[PDB]
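One chain follows as structure tokens, the form deposited in one PDB entry.
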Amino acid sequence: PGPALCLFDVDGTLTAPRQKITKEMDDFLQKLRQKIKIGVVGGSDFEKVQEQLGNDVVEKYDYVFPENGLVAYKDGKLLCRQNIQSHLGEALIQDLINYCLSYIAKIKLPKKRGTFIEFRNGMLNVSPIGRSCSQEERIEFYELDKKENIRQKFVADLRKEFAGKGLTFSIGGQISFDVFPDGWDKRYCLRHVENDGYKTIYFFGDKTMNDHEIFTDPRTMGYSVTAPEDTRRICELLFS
């Protein structure tokens, strides 16, 4: 019904994987923006979104939410820049860091490299081996991790240590896990849209990483898409 907004995931939703958006797709969205407002959200940073969607990305969408909406543009103008250290405070930042440093120092492994802690605007990415390891070194860690459950245990330990502090944990891939404030997934971006009068907020993306929370969130009407051809097919069905 009513005034409405379409929000799209960027890679695989609007583009072919690792490819820039198509002229055909782009023309399609600008034609859609005639009747309904459009925005984009993704885990990547602004430079990445530009590569994928074009340098003029902010003139092309009514909202643009790099880094899950921790960076936000509305109507072409930079709305907010939020980061983990401002939300959590420095002392907590540093207590998390200090704990993870000392814990990693105690884990027995076949190899250790560097970038044990990667600091991002939205998360601490932590790797017992270190993110700089080579492919063969990562595979070795990953098989050890499967047998030993090194990441699961670190995360459990941390979850105990930092109970009450409003942090979520997330293991994936082969060598690291993420620590970030609660709700700092794609759901973050909804705070920027939910007071602009939309009667419906459509979300187009993957419904599954598990589960993408924005997809299942009570504010959105989530539609899972398999490719830009699909996004178009469903937009044709819903709109027009």
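For clarity, a rigid core is taken as the largest C-alpha set superposing within 1.5 Å between two forms. All residue numbers refer to positions in the sequence shown, first residue = 1.
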Checklist entry - As recorded in the PDB entry, how many deposited residues are without coordinates between residue 209 and residue 210: none, 1 to 3, 4 to 9, or 10 or more? => result 1 to 3
Checklist entry - Which is higher in the entry, the mean Cα B factor of 62-70 or that of 200-208? => result 200-208
Next on the checklist: Lowest, middle or highest third: which one holds residue 50 when the chain's residues are ordered by CA B-factor from the entry?
Outcome noted: lowest
Item to check | Chain-relative CA temperature factor third for residue 17 | outcome: middle
Item to check | residue 81 by Cα B-factor - lowest, middle or highest third of the modelled chain | outcome: highest
Item to check | Among modelled residues of the same chain, the CA temperature factor third for residue 163 | outcome: middle
Checklist entry - By the record's CA B-factor, is residue 215 among the lowest, middle or highest third of residues in the chain? => result highest
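The same protein also exists as the form deposited in another entry; that form is not shown, yet it is the one meant from here on.
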Checklist entry - Taking the rigid core as the reference frame, is the Cα of residue 200 displaced by 2 Å or more between the shown form and the other one? => result no
Checklist entry - Would the C-alpha of residue 104 be classed as shifted by 2 Å or more between the shown form and the other one after rigid-core alignment? => result yes
Checklist entry - If we fit on the core, is the Cα of residue 178 displaced 2 Å or more between the shown form and the other one? => result yes
